[PDB]
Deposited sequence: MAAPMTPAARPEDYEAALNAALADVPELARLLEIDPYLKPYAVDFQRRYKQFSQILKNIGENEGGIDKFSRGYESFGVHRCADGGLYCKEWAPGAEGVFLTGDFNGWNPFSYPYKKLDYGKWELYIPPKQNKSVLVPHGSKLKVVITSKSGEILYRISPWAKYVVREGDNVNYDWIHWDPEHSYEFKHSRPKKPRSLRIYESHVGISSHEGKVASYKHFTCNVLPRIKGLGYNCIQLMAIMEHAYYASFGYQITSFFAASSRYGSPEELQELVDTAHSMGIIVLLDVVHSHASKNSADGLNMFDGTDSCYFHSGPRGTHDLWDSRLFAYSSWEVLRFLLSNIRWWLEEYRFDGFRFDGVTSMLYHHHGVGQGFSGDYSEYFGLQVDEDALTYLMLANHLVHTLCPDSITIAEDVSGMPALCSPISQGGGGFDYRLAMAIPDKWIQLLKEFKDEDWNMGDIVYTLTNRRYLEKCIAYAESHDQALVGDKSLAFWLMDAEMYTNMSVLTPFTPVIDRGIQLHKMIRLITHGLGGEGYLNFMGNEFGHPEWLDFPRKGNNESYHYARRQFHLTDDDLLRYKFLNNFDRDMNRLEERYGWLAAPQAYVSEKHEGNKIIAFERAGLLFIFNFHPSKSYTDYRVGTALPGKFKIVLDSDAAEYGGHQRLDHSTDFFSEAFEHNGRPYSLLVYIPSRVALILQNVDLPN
């Protein structure tokens, strides 16, 4: 692991981009010439990279699917270009909405039909097996009417999927998300959206990880304009939008995928077994290839310019790095990060990497990967372990604090989207199990099982929110303890959509108890917006008492007190503080609005006296019931 070496390889390639292309700006604008483009003179210009093709042709509805009437002209470095002259009667060559295909002829004499790697729009019609390549040339392009919101001080991320964002068992639309989902997200106090499964993927049940058309916005949810309007509308509400970028692998589809484009097992990918991911059954990019760099870097630029995303989460980074480190893959990621931050410094990149490779989320100029954040993937593991293997009496407070404070900036979250899937368990299900379906009605007994579940759900989220990282993430539904599970239509359930949805209406039902968890989430994030503890320095933990099961710490001037003891409550409990004066409760999980027992009097003045305790110069006395979390603010006398 040589940091000087990683930077030298990066600096060298970036320098070549400047001398052989026109810099990284021009280099990443390949989408302007590659693919299919109607020119201002009425003609059509086309260009593809296909080094192993014998011939390249364009065909479709516009020429009666004549396969060879439009041959590309062969260029240097495996490229092909085509210009079709304007029609004599000055009508359009390729009408909006019509079908196209690139024809590839092999040295074997085989005739292959392909969708362009640079396609904007692909549609599956009715019950067909394969996707069609639809030429996108609308009457009116969408014009963005709102500017980027100011860079947020801290990220409070709402991880989302457009298709499952309604209560119906169908693929929900971009417009539905825009009209009905966006204002819910804003009201919860989230200032950032992590948009999954946007890059086009033929297999809906892959949850967006199986890419077929890399420049195509998934047609499932609607048209490209409807996606642009979604992002634009989000900006008007003061919310930035991040895209999940999958550049780690590609679907093996060849008819409507990137695989075997030029009839070869090594075009955008590596030749042989090295270019295949056995566990995922997918193809692997040749990041060392100059044209693969152009392709992927132009893709990043594409999502920034055309759809105005505010940044990216690069999925599957761990896979990219380890076939020994893949120095070609890391050099791309550095170039990708360099690209994003050079065009806009306020843009954000997040790395999904479980390996924890050093310096990945530190600056490139220090030999780093250049990522702004990494996911704190150790945190959900900890909550699963505790809930699976340990009775409440046996929870190690010191272990909880170590996991949450162990840190490069990370995005903290309590549970993952993987945990919302079928066969797995959510936090809500770990805590309430079968009583999830019997006692979530306010007309039923408030059993000790439901009570314990509701309280720990709030506490687990809050301590993760306040202690765990420099950013927070929440997967759609979990903010109110969404019941049941998530599943996509597939073979294993006979193409069922019954669990491919989200029951947002559960929070609106006054007769159900999901509103309690939802209310807590909204006030938690609104509190962070006021005090900004996520951007504050790392907390000072004054107490992790194993016997009393109390965790106490200070961050951003606020005082956090957690009582994880399953039965004991404390009436004159001493907690150390940094500041003298009067303290007031600013958040209490025992409030009636959160599904608590309303035991605390919020009008109570807490006074800090000069009395050393737990390494703090001052201390106060508090009443903290079993399974209750408290946040206190120092006010003025």
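Gaps in the model relative to the deposited sequence occur at 1-42, 366-383, 468-470, 701-702, listed in sequence order.
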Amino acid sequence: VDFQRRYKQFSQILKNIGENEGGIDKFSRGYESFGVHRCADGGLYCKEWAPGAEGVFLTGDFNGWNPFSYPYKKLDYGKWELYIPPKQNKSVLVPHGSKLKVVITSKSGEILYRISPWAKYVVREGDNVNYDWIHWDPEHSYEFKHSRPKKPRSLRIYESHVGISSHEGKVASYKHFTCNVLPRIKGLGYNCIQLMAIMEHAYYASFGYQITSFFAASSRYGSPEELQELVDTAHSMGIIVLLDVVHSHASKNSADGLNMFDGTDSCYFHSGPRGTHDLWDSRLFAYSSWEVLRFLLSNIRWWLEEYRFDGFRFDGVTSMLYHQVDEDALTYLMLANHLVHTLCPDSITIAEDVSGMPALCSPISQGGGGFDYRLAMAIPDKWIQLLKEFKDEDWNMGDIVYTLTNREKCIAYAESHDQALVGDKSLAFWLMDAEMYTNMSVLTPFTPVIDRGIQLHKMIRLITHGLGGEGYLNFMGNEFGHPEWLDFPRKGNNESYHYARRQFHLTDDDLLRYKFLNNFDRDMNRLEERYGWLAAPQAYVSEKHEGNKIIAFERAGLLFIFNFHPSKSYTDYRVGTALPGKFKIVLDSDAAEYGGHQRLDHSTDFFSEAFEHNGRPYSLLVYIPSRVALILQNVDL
From here on, numbers count along this sequence of modelled residues.
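Stretches compared: 58-66, 596-604. Higher mean C-alpha B-factor in the entry: 596-604. Per-stretch averaging of Cα B factors for 178-186 and 493-501 places 493-501 on top. Across 226, 479, 310, 326, the greatest Cα temperature factor reported in the deposited entry is at 326. As recorded in the entry, 448 carries the highest CA temperature factor of 257, 369, 85, 448. Placement of the Cα temperature factor of residue 582 within the chain: middle third of the modelled residues, per the deposited record. In the PDB entry, a CA B factor belonging to the highest third of its chain's modelled residues is recorded for residue 444. In the deposited entry, the Cα temperature factor of residue 27 sits in the bottom third of values across the chain's modelled residues. Split the chain's modelled residues into thirds by C-alpha temperature factor. Residue 471 is in the lowest one. Sort the chain's modelled residues by C-alpha temperature factor and residue 426 lands in the middle third, per the entry.
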